[PDB]
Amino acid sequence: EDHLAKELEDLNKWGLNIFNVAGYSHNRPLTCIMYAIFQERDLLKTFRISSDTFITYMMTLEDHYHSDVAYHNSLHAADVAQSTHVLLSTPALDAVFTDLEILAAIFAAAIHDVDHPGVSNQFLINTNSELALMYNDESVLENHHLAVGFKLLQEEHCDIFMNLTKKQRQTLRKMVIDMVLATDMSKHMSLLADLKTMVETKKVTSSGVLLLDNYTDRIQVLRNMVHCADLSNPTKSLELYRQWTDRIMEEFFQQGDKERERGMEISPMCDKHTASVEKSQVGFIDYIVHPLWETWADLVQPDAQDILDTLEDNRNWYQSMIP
């Protein structure tokens, strides 16, 4: 409505507020945002994607995200897709990516947690879920979100890539698989270490813009971009970040409840009788988020300085919340 258009003014901005846009779109954040993103970047015009076909695909996809799961619902995909959309425009990455790589990264963000059940890879493996057997324990969740998302492009009324070259559907299907698999947290370190090596040997043009050789380097930056977008809640305005903290702790504690119901051992950050929400967020910033964004900032400097500042600041709020 009228509040929707006022909010979508901030589309291309880190301050954008995803809750507000969920409330104004009949609980369809992901469809509203993805649709605004394509228009903005002119993707439908570029890849002859019909608008009907696009809405039908998104709506279906949004509706495969479970709405009774506290954190991994359509809101989070919408968030990660909007965050990625901004990082893609960061000044240090200007004119570096092809249209196809841009469409790949945002699409990756959109389908990247689809059909998530609200339990970890570790849980699903220890309970012998169908999914763990299906996937032999390797990026269980991630391989699944990728299969669902690419299955839904089977219908004609949903094949939004129907007007790419064969070579383009392949080059894309490859980039997406690579980016979603990289959001599996057990790959975090390898990715961070790989990022640090890329910064070490960074090269720019005379105008402070990165020089990325060919495929290998371009997709490593995209890998890392969607992984920062996935771990961007603490770089967002305090009000937004605490609402994200509440939802993730909700989801985590429902998992701790199911673990206990079943005599299994409870993972301490999922234990609702001993885990401080506050200590845990500080830890999450000190050992995972800051190390990553610090490295990202070095790569696109000084574009992410504001982001680093917001982060240290949000850090100290949570620190000051602990006795």
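If you superpose the two forms and keep the largest set of C-alpha atoms that fall within 1.5 Å, you have the rigid core. Residue numbers here begin at 1 and follow the sequence given.
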Per-stretch CA RMS vs shown form in 7 other deposited structures of this protein, rigid core as reference, larger of 147-155/224-232 is 147-155
Higher-deviation segment by CA RMS in 7 other deposited structures of this protein, core fitted, 190-198 or 156-164: 156-164
Is the mean CA B factor in the deposited entry higher across 138-146 or across 153-161? 153-161
Select one of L61, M264, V277, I37: the residue whose C-alpha shows the highest B-factor in the crystal structure entry. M264
Between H116, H112, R169, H85, where does the Cα B-factor run highest in the record? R169
In terms of its chain's C-alpha B-factors, the third that includes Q220 is the middle
For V96, return the chain-relative third of its C-alpha B-factor as stated in the PDB record: lowest, middle or highest. middle
Can you tell me whether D298 has a C-alpha B-factor in the lowest, middle or highest third compared with the other modelled residues of the same chain? middle
State the tercile, meaning the lowest, middle or highest third, of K174 with respect to the CA B-factors recorded for its chain. middle
Would the CA B-factor of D257 place it in the lowest, middle or highest third of its chain? lowest
